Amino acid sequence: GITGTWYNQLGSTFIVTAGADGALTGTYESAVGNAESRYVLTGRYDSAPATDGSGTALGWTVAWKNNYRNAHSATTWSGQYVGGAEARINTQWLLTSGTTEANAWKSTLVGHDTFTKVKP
C-alpha cells in the first residue's frame, strides 16, 4: 500500500512505486508541481514486514539536483509506513549540504515529516 501519491505537512508531494524486490522509485516535488521542482527519488522498504501490526520500515533519498536547479544537497527520509483507511508514513530526515571542511560541522539539518495519501 506504499505505492501511490503522498503529501506531507509542508505541502510537498511524492509519488512512489514500491517494487516486489524492495525497491522504491519515484519523484519528489513541491506543492507547486512544476517541472523545475520535481526530483528523482530512490529507496528501499521491507517487502516482508511483520504480521503483528507493526509498521513497514522504509527509507529514501532525494539529491536536490534536477535539470533545472542544483542545491548541492541531499535529503534522506527514514521511517515507517502504516496501512489502513488513514495510511501514513512517519519519517525523520537528514538534509546534508556539500560544504568545505571548515563548515562540515553545520552541514546537516534534521527534522520530521509525516505523509498521508490525502492533501490538506
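Between two forms, the rigid core is defined as the largest C-alpha subset superposing within 1.5 Å. The first residue of the sequence shown is number 1, and the count goes up from there.
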**OP:** Report the stretch with the higher root mean square CA deviation, pooled over structures and residues in 4 other deposited structures of this protein, choosing between 27 to 35 and 72 to 80 after a rigid core fit.
**Re:** 27 to 35
**OP:** Find the stretch among 91 to 99 and 41 to 49 with the larger RMS C-alpha deviation in 4 other deposited structures of this protein, all structures being superposed on the shown form by the rigid core.
**Re:** 41 to 49
**OP:** Higher average CA B factor in the deposited record is what I'm after, so tell me if that's 48 to 56 or 73 to 81.
**Re:** 48 to 56
Original post:
Once you work out the mean C-alpha B-factor for both 33 to 41 and 91 to 99 from the entry, which is higher?
Top reply: 33 to 41
Original post:
Thinking about Cα B factors across the chain, which third does residue 22 belong to?
Top reply: middle
**OP:** Comparing against every modelled residue in the chain, figure out the third that the C-alpha B-factor of residue 10 lands in (lowest, middle or highest).
**Re:** highest
